[PDB]
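Visitor: Attaching a single structure in structure tokens format; questions to follow.
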Amino acid sequence: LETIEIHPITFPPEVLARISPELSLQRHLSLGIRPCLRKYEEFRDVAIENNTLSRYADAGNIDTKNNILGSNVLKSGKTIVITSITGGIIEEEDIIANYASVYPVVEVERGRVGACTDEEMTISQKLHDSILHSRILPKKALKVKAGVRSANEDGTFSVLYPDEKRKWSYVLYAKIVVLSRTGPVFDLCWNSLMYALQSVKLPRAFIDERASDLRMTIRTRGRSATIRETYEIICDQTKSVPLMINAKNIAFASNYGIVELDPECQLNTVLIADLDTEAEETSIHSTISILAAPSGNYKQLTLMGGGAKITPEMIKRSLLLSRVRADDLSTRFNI
Amino acid sequence: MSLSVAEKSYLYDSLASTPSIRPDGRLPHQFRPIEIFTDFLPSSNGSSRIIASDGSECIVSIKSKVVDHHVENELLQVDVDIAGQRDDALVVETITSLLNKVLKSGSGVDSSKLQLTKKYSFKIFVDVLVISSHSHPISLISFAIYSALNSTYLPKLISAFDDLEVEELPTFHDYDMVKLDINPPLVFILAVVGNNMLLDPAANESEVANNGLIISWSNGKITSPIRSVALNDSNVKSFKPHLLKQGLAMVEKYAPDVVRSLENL
Amino acid sequence: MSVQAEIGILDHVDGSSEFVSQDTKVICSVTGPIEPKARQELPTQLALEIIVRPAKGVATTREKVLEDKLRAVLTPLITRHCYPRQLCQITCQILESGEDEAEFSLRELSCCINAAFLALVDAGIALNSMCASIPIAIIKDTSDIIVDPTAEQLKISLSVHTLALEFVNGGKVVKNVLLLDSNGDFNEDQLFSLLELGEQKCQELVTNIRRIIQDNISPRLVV
Amino acid sequence: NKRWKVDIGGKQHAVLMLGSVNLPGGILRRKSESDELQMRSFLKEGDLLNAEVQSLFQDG
Amino acid sequence: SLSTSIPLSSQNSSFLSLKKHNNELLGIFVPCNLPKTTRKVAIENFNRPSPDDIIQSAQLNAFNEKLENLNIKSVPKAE
Amino acid sequence: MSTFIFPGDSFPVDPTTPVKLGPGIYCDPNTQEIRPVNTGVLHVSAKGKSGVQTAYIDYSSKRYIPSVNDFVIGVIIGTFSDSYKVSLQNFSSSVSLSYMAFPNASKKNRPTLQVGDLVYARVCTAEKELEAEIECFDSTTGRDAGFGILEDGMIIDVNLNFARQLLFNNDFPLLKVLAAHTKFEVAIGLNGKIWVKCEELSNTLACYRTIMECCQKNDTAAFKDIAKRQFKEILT
Amino acid sequence: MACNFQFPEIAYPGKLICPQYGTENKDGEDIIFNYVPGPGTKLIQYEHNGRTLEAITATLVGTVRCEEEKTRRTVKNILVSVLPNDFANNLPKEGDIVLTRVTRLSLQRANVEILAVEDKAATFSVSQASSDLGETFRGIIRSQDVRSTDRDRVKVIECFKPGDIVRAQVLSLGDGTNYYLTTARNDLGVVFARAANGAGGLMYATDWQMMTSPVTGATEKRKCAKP
Amino acid sequence: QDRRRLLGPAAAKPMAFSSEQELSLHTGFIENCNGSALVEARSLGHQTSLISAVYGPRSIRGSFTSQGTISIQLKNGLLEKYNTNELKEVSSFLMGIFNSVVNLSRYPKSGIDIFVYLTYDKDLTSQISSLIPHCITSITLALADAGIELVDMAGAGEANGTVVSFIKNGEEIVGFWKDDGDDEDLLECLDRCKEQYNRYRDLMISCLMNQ
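Protein chains in written order, with the entry's author numbering: chain C, 7 to 98, 121 to 192, 206 to 308, 327 to 394; chain E, 1 to 265; chain D, 1 to 223; chain H, 121 to 180; chain P, 17 to 95; chain G, 1 to 236; chain I, 1 to 70, 99 to 112, 126 to 161, 185 to 291; chain F, 4 to 21, 42 to 148, 163 to 248.
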């Protein structure tokens, strides 16, 4: 003893993390930097392109093989999130049940042949949940009415507008796929969702004269109720009025970590903003997820205190970082 | 694989030389003994049981409904289902695609032998059960569909429907059936082992072949779909333009005889 | 009433509990340490595979989001290094929600967390600390906080908050906050109010659960 | 790691094992320890070989 | 000759070529968070241990003493 | 000192004063302080009666974890060449049993056993990292002690706290009560299993029914009434 | 790179490196050359000019480096190998080292999950497999390979436990069920472990069979890695 | 709804409705993958972008396999709609080409997971025939970037809904597809597609030359 040696040779960061992320994280931390070799309170930059995927990307092309309502591509680090928002049609304050939700599928690709994995499903539902409790989309907005589409015998056809029997509401989905996830992806999914939602337009919708007496003769081999009325409602996207949305309730996310440094365990409490590598995802067990909106309103904070010490002092700094990041993204893409 | 290393080299040598002798010992133009049995469901429009020499068995069954065709762009639906495979393994669904494309309307098959007035088409529900597989099924299915679709009887229309007759649903004669004539393609499989192009591989041949070429015969000529396939993973090689042109030439000659023998039982 | 808890009720399982909070009623079982499945073998760690199954209809995606929330809280509660390479399956069946399941999960979650603690106490699996969790809402009518709310009070919420805290050195010094899930609109002065109140209201709940386990354990273990 | 399982077309598989096998490279040589590899080099799955019945057991 | 050597007109509307070069934080398609050279200081910290450790992978006295314990035992095997 | 403890509490002796550790006291692997982790009654011994005090918590369980010098009943749930594989109590980790674990058994003196025989054994090795081993031959005593292979009888599942409490206090009156009502043979496992056998079918069953009944209620006065009523029932 | 008078500096898939047979006179005397592929090359068959041709064709995007295994002069055998994350260019095989972690300890063996392969060091790679990116594969360290000074009575519990991170050389491919490891050499063993049987402070080797805990004050015995 | 995923209201129904090309390549632009490629093709007709990612060589132990294998997922675009079966056919097609081009013998117990993302296809004016050059360009690049062995770069043209893939400078054919082309196109197409393959050959070689 006292002479020294028997420490193994130096392994690169990646290899070091595969070997021990507990170890690799702390080592990075002593120089004051994240394992992604950047300072604690910088993040990943965010670049979006919008309407490069949506139906309504052009004015002189409306093509029938497309139906994508709003769309965004967002790249942060290497982790790329592609969002498509898509409708459907279902015939039907401050109270939670007057705000509606997106019913997303979030798909993540980490080298898994499947696409029904426990990591992606939990994302998708939690994501439905965030959208409900943030109160973005009031149900009056999907509650549309229909005019009349009447064909004439004059060899023309008139589709008659109301000002935009039965009633209808739309539903909203989001097909979000993720390529090469390297850290917590949740906030990426949420950032892109908003730029998409603020790009959503809805088709117009129409019905024939005596819609309430149009027949259904589709069901057969009953046994009664094999001839009835039904309502039938096509959608026409030759006009699309744009989404009516609550701007105040738009949030933009961030992600945090709380972790401790010990000098004898790479042989107090330290705050990281955002997580980018495998080593950070693995071993930053105490973490706070905040969605902050850019007037000093917060629509969710979720703290998971996976083991390490949290003083609320760290919590108090993160709520300010998150709003200032929210203000940065806001002005950056003018949306 | 399921054969020997020794067995595969013997075959490769056998087949790849000038005579191309093989366990049957056929020249490249000859086909193994098949047995056609038909019309065994009184409940279906037409039905087909084909037993081949490797002991492969396909059963092909034809059911229908008449439908308005202006809300449809498909008239023939193939459902393939292979005993001992599930309803979504890669090979099963790829077979479904191939077959649906072979039988695609206005492409090597009629879309005017299936219509009884110019508003109403019969949607033919092809439903295919493979009883035992251990060799490729598609050629045998093609051959079974031929005999079937020439055994397909449809309801005979009560009366000559117009498209303005009264503007209600077409309604069939009670007993009287119309024979369905309609000439489906016949899929023929060719196999390449060296520079030698051989019609109709057996199981054994399929396991050593470099590649094969699936091509189809409709209406007195060759036509699309054309597709190459690799009939193993582990004895695979590439091939030349001239060998692809010789396989054209071979089918053109040897196909017609087969369609005429298969047509009349 | 307020709360009631019983342990030992189920007999075939290593440990069990029945947690009732007014209308909300969760019955729980911990099974294990038992033989790992190979996909749920972890080297130095006990594995957790948690299942939350709702009363009405059949479990969906929602219960996985809940599983994650539960798993977060439970991983430093149960001494992971106590059993290496063994699995514990915690199966939490909801006998009544008595609310609306998609909309609010505030009472549901708080109840599961407590029934999990008790079940684990009955089970005998090592527990570093006492954990309970309390449900906190804010109603829009007064625009203020109401602690431990009923079903009616939940309907008229603008926002809802659960907190869970880890209890040491007399079960009365807050060590850490293992969860604080604050959903709906809040601003900071409310949130530190929700901690403050939160502290004292948790520590009462800890007293009540503490008391229950002593009384129910004591005729069993005798000398 | 100790036997080949042989398909004779029976009700179960027949066993062929290391004290019961001649081997190329001698008569028994080219193999100094049991390994699943060393077995595998001589005889691959699907290879065909003529072998005599040493004792019939009551298993099948 | 098959390849030849033509440049490529981009005409990139997706913006993937900037993403490829993430670079430092003063780069293209990165936010700023340090006004200093981010990479190089990290690299330098890599550089100071590596020649020292790789060469001195058996030069320290602990290792030298341990090599002798292996070497003595080793000898009856060889002979 | 004999006082009720909870997890998440302070230790009620000092950590400065030497103590040997027993069940249910954990030492933090960072902090290097000892703390309770189980809910029960804590006992501490006093020096002058021990060399060094041993401390432990009595806590109820229904799930058995291997400890050494414990006596356990198992069923043999697998036949393998060199060893047999035991399950002591159901759904749990393998417990292994050498071929030569029996008195007078060697490799020229191999047993022939089968699945579904009952064994009674000492835990002679226990790890969590590796498998626990049982020998049916007591190496400390040097006489197996009537350890061996049980046959017949009927295994009653019990509580862990009940099972240790019947074994480690011979003032516990259940078997005093029972000994009046039949003559029987008893084997007590610490894995939450206890075996009993009489000569006759009636007699075994009454024991099986009674210990079971007694165990549920788990009350001291209950035990007398339950025996007397049940042993009449089986002869009525 | 040049190695004679016929080699390409840069090569790519489907690009000829060199003819299967060569010739050059060195010292007035021909030396027939006989080229064969190794890793990163294949000998691929061709017909050109009306005759069979066989040739050495690069498979991988890289520098074309010569190495060896070794008319009226000798034939000299020149192996051809074009060397270029990279777990797509190595799989565990013999003479590659792997970084492995113990996922179960057992009586005469240790299952150890492979988390990384080392390049055939100074050039290192990490496996694409992770427990967070999904899928696992394992290989085995045996009781016989733990050491080799004494090794037929040193059990793996005496030198290993679960959750320890170990560097081991793949000894053979072995059976299809496992990869056969060796930790026997004096540069293989535990890279690091955590004291208290995988629960305490992070500990590193301070002797070849002792790892000194910085938080308990005591030695936790192992087999250890060295430079 | 379903137990594995949220599918929202289930009585709800969709909305009813109312060288001539430039390929520019990119690689090595996203990470968690052994190699990736990006192919964007612009034409008068339609503009398209295809992403590919190739994962592994992976070990598939607990069984010994004669040689490695290749597994192809096509994923439906976010702006293109196709039947699942067609994607299977094309997956099957591409596998049989790749079987012939990738050398498989340096890698025992191997499975390789190939993902083809057919993300964007947009018309300014079957369909699945047209994107086969672009799929083959993408995937090859990816196998090259990762360090997976290959006989020759694989690459193809499309002449009149007919797709012919060659290796060895137009000399050998590794696959043929004809679907809804015209009878007797053979000479025009082979001549026309050779031009195309030689042209995209060198493009892929030059992408691989910036790294």
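Cβ coordinates follow ideal geometry from the N, Cα and C atoms, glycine included.
Evaluate contact between the stretch 11 to 29 of chain C and the stretch 286 to 299 of chain C, counting only Cβ atoms and requiring at least three cross-stretch pairs below 8 Å.
Guide: No, the stretch 11 to 29 of chain C does not touch the stretch 286 to 299 of chain C.
Visitor: Near residue 190 of chain H, which residues of its chain fall below 6 Å by C-beta distance, leaving aside the five closest residues on each side in sequence?
Guide: Since the displayed chain H opens at 121 and closes at 180, residue 190 of chain H lies outside it and no answer follows.
Visitor: Tell me which residue opens and which closes the alpha helix (DSSP H) that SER277 of chain I is part of.
Guide: Neither: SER277 of chain I is in no alpha helix (DSSP H) and is coded neither H nor E.
Visitor: Who are the neighbours of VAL92 of chain E on chain H, taking C-beta pairs under 7 Å?
Guide: Within chain H, no residue comes near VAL92 of chain E; the closest Cβ sits about 25 Å away, beyond 7 Å.
Visitor: When burial is assigned at 16 or more other CB atoms within 10 Å of the CB, is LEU170 of chain C buried or exposed?
Guide: Under this definition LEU170 of chain C is a buried residue.
Visitor: What does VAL5 of chain E reach in chain H if we use C-beta pairs closer than 7 Å?
Guide: What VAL5 of chain E touches in chain H: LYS164 and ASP167.
Visitor: Within 9 Å of any Cβ in chain I, is that where the Cβ of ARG71 of chain D sits?
Guide: No - not a single Cβ of chain I is within 9 Å of the one on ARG71 of chain D.
Visitor: Can the beta-carbon of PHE62 of chain P be found less than 9 Å from the beta-carbon of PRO291 of chain I?
Guide: No, the Cβ-Cβ distance between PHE62 of chain P and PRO291 of chain I is not below 9 Å.
Visitor: Can you tell which of C:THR58, C:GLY83, C:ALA65 and C:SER178 has its C-alpha closest to the C-alpha of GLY76 of chain C?
Guide: The shortest Cα separation from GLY76 of chain C among C:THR58, C:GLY83, C:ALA65 and C:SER178 belongs to C:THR58.
Visitor: Considering only residues of the same chain and omitting the five flanking positions on each side of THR148 of chain F, which have a CB-CB separation below 8 Å?
Guide: So the qualifying residues of the chain are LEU67, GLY68 and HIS69.
Visitor: If you draw a straight line from the C-alpha of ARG50 of chain C to the C-alpha of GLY194 of chain F, how long is it?
Guide: Those two C-alpha atoms are separated by around 40 Å.
Visitor: Among the residues of its own chain, which have a CB less than 7 Å from the CB of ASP176 of chain E, if the five just before and after it don't count?
Guide: The residues are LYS156.
Visitor: Taking only the alpha-carbon atoms, compute the straight-line gap between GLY262 of chain I and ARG215 of chain I and give it to the nearest angstrom.
Guide: Straight-line Cα distance between these residues: approximately 24 Å.
Visitor: Short of 6 Å in beta carbon distance, which residues of its chain neighbour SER151 of chain E, apart from the five on each side in sequence? Order them along the chain.
Guide: Closer than 6 Å at the Cβ level, and outside the excluded window around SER151 of chain E, lie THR38, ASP39 and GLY46.
Visitor: Per DSSP, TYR78 of chain F is paired with what?
Guide: According to DSSP, which records beta bridges pairwise, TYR78 of chain F is partnered with F:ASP136.
Visitor: Apart from the five residues on each side of it in sequence, which residues of its chain come closer than 6 Å, Cβ to Cβ, to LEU110 of chain F?
Guide: Only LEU97 meet the Cβ criterion.
Visitor: For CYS144 of chain C, which residues in chain F fall below 7 Å Cβ to Cβ?
Guide: Correct list: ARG7 and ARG8.
Visitor: Pick out whichever of D:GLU41, D:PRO84, D:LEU70 and D:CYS112 has its Cα sitting closest to the Cα of residue 227 of chain D.
Guide: Residue numbering for chain D in the displayed model covers 1 to 223; residue 227 of chain D lies beyond these limits and cannot be assessed.
Visitor: For the beta strand (DSSP E) containing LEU156 of chain I, name the first residue and the last one.
Guide: Counting along the chain, the beta strand (DSSP E) containing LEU156 of chain I begins and ends at 150 to 158.
Visitor: Does the Cβ of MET363 of chain C have 16 or more other Cβ atoms within 10 Å, making it buried, or fewer, making it exposed?
Guide: By the neighbour-count rule (16 or more Cβ atoms within 10 Å), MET363 of chain C is buried.
Visitor: Using a Cβ cut-off of 7 Å, pull out every chain G residue sitting near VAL121 of chain D, in sequence order please.
Guide: Those within 7 Å of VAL121 of chain D in chain G are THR39.
Visitor: Out of P:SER30, P:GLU81 and P:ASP68, state which residue places its alpha-carbon closest to the alpha-carbon of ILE86 of chain C.
Guide: Comparing Cα-Cα distances from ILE86 of chain C to each of P:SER30, P:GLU81 and P:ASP68, the minimum goes to P:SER30.
Visitor: Within 10 angstroms of the Cβ of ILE145 of chain E, are there 16 or more other Cβ atoms? Answer buried if so, exposed if not.
Guide: Flag for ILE145 of chain E reads buried.
Visitor: Taking any Cβ of chain I, which residues in the stretch 41 to 70 of chain D have a Cβ under 9 Å from it, in chain order?
Guide: If the cut-off is 9 Å between Cβ atoms, the stretch 41 to 70 of chain D has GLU41, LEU42, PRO43, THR44 and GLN45 near chain I.
Visitor: Sorted by chain position, which residues of the same chain lie with C-beta nearer than 6 Å to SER186 of chain C's C-beta, five sequence neighbours on each side aside?
Guide: Correct list, in chain order: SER178.
Visitor: Using a cut-off of 7 Å between C-beta atoms, extract the partners of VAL61 of chain I located in chain F.
Guide: What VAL61 of chain I touches in chain F: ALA181 and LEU245.
Visitor: What beta strand (DSSP E) runs, 3 residues minimum, are completely inside the stretch 122 to 167 of chain E?
Guide: The qualifying runs are 153 to 157.
Visitor: What does the alpha-carbon distance come out to for the pair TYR120 of chain G and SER87 of chain G?
Guide: Those two C-alpha atoms are separated by around 12 Å.
Visitor: If you scan the stretch 77 to 165 of chain D from start to end, which runs of the alpha helix (DSSP H) of 4 or more residues do you find wholly inside it?
Guide: With a minimum length of 4 residues, the continuous alpha helix (DSSP H) runs that stay inside the stretch 77 to 165 of chain D are 106 to 123 and 151 to 155.
Visitor: Helix or strand or just coil, what does DSSP make of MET137 of chain H?
Guide: Strand at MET137 of chain H.
Visitor: Going straight from the alpha carbon of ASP157 of chain G to that of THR61 of chain D, what length do you get?
Guide: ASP157 of chain G and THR61 of chain D: Cα-Cα distance of roughly 38 Å.
Visitor: Just to confirm the assignment, what range does the beta strand (DSSP E) spanning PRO173 of chain G have?
Guide: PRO173 of chain G -> no beta strand (DSSP E), and no H or E assigned at all.
Visitor: Within the same chain, show all residues whose beta-carbon is closer than 8 Å to that of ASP222 of chain F, passing over the 5 residues directly before and after it, in chain order.
Guide: So the qualifying residues of the chain are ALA196, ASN197, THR199 and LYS215.
Visitor: Can you name, in chain order, every residue of its own chain whose Cβ lies under 7 Å from the Cβ of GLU95 of chain P, other than the five neighbours on each side?
Guide: The answer is none, since no qualifying residue turns up.
Visitor: Using Cβ-Cβ distances below 8 Å, what residues of the stretch 17 to 45 of chain P are close to chain F?
Guide: Cβ contacts with chain F: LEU18, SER19, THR20, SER21, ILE22, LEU24, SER25, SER26, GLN27, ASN28, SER30, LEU32, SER33, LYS35 and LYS36.
Visitor: Taking Cβ-Cβ distances shorter than 7 Å, what residues in chain I pair up with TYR78 of chain F?
Guide: Neighbours of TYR78 of chain F on chain I, chain order: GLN192.
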